[PDB]
Every structure is written in structure tokens, then in C-alpha cells.
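Next up is one chain by itself, shown in C-alpha cells, the form deposited in one PDB entry.
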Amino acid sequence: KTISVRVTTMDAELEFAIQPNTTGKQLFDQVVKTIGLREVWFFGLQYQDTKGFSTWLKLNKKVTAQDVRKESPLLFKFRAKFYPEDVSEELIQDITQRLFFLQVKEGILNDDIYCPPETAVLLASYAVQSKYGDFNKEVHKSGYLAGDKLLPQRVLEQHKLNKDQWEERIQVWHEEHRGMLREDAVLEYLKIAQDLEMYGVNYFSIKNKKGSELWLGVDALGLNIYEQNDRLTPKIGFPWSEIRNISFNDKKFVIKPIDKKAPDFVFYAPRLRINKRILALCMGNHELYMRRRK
């Protein structure tokens, strides 16, 4: 058979024909070769389950052997799966920087990554500098931002500011960035974004051994437990250095702290495959974490 597949990066759409024996690795390799990406360790191919979950393709398995939702064409999103600890030291290629910028900016503008208003205005000004270059008055006259989506809806809704007021606040900062190259505006954006509480955190709905609703966060530095209505402030923090072991079986997951005296933290996921995906992200993040320290 010849199966039709689309892979979308943040700024490219690729249509492929594959065969039943094509592996995720072979699809991934063709994607990164087409776009010129060398820093591949951060990225993966996301898809929708037969039951509607967003998960990552296994590159060491056949594409059809995984339970990708049966549609034509098959739809994959080439996205960052792991985040660096410091964008300045770790994102060396310009394409890598731009793919992280677009993906992060998308999550900020769609309210998936919480951002307070003052930070949102400042981030928008660096995105403006990245798109328009230097603020020039022969080129940029009043209303030049009216067609740009610049701020998260949550920021708009709070605040009684009109569009022109938001655009003037952003314009003030845009003027401040005069002379900044477009790749430096992109990296400046990411330096601010990487300090946000929700940046680079994979959230999973989980439950206490009592049944209370919580969130688990998996990120580059370890695991966090959050209250149900506060994904900004971790209730309990488990950096890798403070974890003795982690285990899962079926739906149950257990974190043992480096200190026997300290109690185990026990939580439940809704499905076995969620626990597998949590652990896949723990192992990948733990692995990159150790690699940075060689």
C-alpha cells in the first residue's frame, strides 16, 4: 500500500507517500532533512489517537503499527517534545530557534501557557521586531499592528484597554528595540518566555490516592504536583536528584523520594497509556538532563 501522510511544522506543510513498513524514524528523518534541522533531539511527531489523545509517534516502530487515527491523509505535527534548560546556550541553529519561537508563541497566544499582561506586551514587542524589523515611520504608520494577533485572549478580556491602546503600548517597546536583528528578537522572546511558570511543562490530569484531582507536570528538571486550580505553583516538587525511583503499573504511579523517611507519593492516571506517556517523557527529559552535564 501507499498511504498519504501530512507532516506540519510550525511554518511548513509536507505531504508524503509512505508504505506499511515505513518506520517513524524514516518519516522523521525525511522531515528533518527537508527543512535542514540538525538539532533533532528536541523534536518529535505528534498525532491524534484512535480515541483522540495527543501523543508522540514511536520512531522505532512502524507508522501503521501505532494506533494513529484512521484517516487519509494521516496527520502529524512536527513539534518540540523536549525543551532546553537555557535557550541561549542550547538552540544554536536559527531554524531550531524559529521553530521553538513559533510553537511557544502559539501556546502563549492561545492561553495554553499562562502569561501576565505586562510580560505579554513585552513578548509581543519582540515578535513585532522579528516580523517588521526596526520601527520606521516612513514604513510603519498608525494602525500598522491592527492585523496582527499579538496578545492572549485572557489578557484582552481582563483590562478595559481598547485595541489602539494595546497597540500603542506594544509600539512603545517596539521603538525601544531599534537596531535588533530579527534572530536576536526571536531569542529575546524565548529568554522571557522560558521564565514563565507553565513554559515547557507537560501537564497530566491525575488523582490522589484519596481521589482528589491534581495535575502532574513533567519538565526538563523533574516532576511537579499541582493543585487542581493552580497550574502555576507546584504543591510538591520532585527534581531528578531528589527522586530515588519512579514506577508505574497499569494506572498507578509511585514516586519514591531520595529520603526513606519521606513518604512515597502515589497517584493515579485515567489510563495505562497515559502512564506510559508520562514515563516516556520522564525518561527522555532525564536523559537529556544527564547529557547536558557531561
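If you superpose the two forms and keep the largest set of C-alpha atoms that fall within 1.5 Å, you have the rigid core. Residues carry their position along the shown sequence, with the first being 1.
- Set 156-164 against 179-187 and average the Cα temperature factors; 156-164 ends up higher.
- Looking at mean Cα B-factors across 277-285 and 18-26, the upper value is held by 18-26.
- Highest CA B-factor among the listed residues (38, 231, 244, 51): 51.
- Going by the entry's values, 131 shows the largest Cα B-factor out of 105, 98, 210, 131.
- In the PDB entry, a CA B factor belonging to the highest third of its chain's modelled residues is recorded for residue 149.
- Ranked by C-alpha B-factor against the other modelled residues of its chain, residue 7 falls in the lowest third.
- Residue 65: CA B factor lies in the highest third for its chain, per the PDB record.
- Per-chain ranking of the deposited C-alpha B factor places residue 254 in the lowest third.
- Remark: residue 193 belongs to the lowest third of its chain, ranked by C-alpha B-factor as recorded.
Missing here is the form solved in complex with a partner chain; even so, the following discussion is about that form.
- Put simply, residue 163 is far from the partner chain in the deposited bound form: not one heavy atom of it is within 4.5 Å.
- Contact annotation for residue 169: at least one heavy atom lies within 4.5 Å of the partner chain in the deposited bound form.
- Proximity of residue 209 to the partner chain in the deposited bound form: non-hydrogen atoms within 4.5 Å are present.
- The partner chain in the deposited bound form comes within 4.5 Å of a heavy atom belonging to residue 221.
- Of the residues given (136, 142, 72, 158), 158 alone sits with a heavy atom within 4.5 Å of the partner chain in the deposited bound form.
- Distance criterion of 4.5 Å from any heavy atom to the partner chain in the deposited bound form singles out 196 from the list 91, 185, 196, 109.
- Of the residues checked (35, 254, 40, 59), the rigid-core alignment between the shown form and the other one shows a Cα shift of at least 2 Å for 254 alone.
- Superposed on the core, the two forms barely differ at residue 233: its CA moves less than 2 Å between the shown form and the other one.
- The two forms, fitted on the rigid core, differ between the shown form and the other one by less than 2 Å at the CA of residue 114.
- After superposition on the rigid core, displacement of the C-alpha of residue 68 between the shown form and the other one amounts to 2 Å or more.
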